[PDB]
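Next up is one chain by itself, shown in structure tokens, the form solved without the ligand.
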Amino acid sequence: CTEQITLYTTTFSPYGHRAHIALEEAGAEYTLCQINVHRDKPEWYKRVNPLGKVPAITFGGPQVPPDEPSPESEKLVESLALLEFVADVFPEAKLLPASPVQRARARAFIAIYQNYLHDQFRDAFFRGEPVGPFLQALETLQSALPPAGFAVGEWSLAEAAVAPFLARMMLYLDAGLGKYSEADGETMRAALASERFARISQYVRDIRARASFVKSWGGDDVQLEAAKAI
């Protein structure tokens, strides 16, 4: 690819972290533009997306400073479509595996996350609801993993999709962040340290060791400081 790529996200957004992982995995030449979550979003940002939706990608157009988005560039939103987008722009990076079947399983794995775990990370960590279903969806996602490696063997958009969220969960859990009760937090730290969740615990360590994740995570400290401002 020769078109310019710019990724817009609010700071340490896991949805934007998805697209960040994929651009790193893709070897892409891209600009990164973060926006301070707690500020209002600059006036210029409506030229990226009139509704203030984030994350977003601009693609093509002249090279421009991100805070001066060109009207010429194509603007794109929806984090999982942005992952698929990077894969299409950089087919040579094999962000998905090659065969249709393996690609279907990578996407299925994301769907397991979306349909079962994604909502319970917000019920349990932001709405303080009973944690049982969270742990059960975590088990459900865990069961779709192969015994080693990543969701379809080699790293894929599945990981781009799920890594930002699983990585924050452990970080939050280790830190006791969340709206859950002290009882449910003990109960979640205990489940995650048990053999029941060894596979998922291994899946997260291996995610965090991936270079594309490390670069786009920044370190646990900053994400912790970020988390404690929500």
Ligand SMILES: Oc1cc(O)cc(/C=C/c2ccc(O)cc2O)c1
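From 1 onward, residues are counted along the sequence shown.
Although it is not shown, the form deposited with the ligand bound is what the next lines describe.
*Asks:* Verify the flagged residues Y15, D119 and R122 against the ligand in the deposited complex: is each one within 4.5 Å by a non-hydrogen atom?
*Replies:* Judged in the deposited complex, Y15, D119 and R122 all sit within 4.5 Å of the ligand.
*Asks:* Tell me, please, which stretch of 196-204, 163-171, 176-184, 23-31 lies within 4.5 angstroms of the ligand in the deposited complex when heavy atoms are compared?
*Replies:* Selected stretch: 163-171.
*Asks:* Spell out, yes or no, whether the shortest heavy atom distance between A229 and the ligand in the deposited complex is within 4.5 Å.
*Replies:* Although the ligand is absent here, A229 would stay clear of it in the deposited complex, with no heavy atoms inside 4.5 Å.
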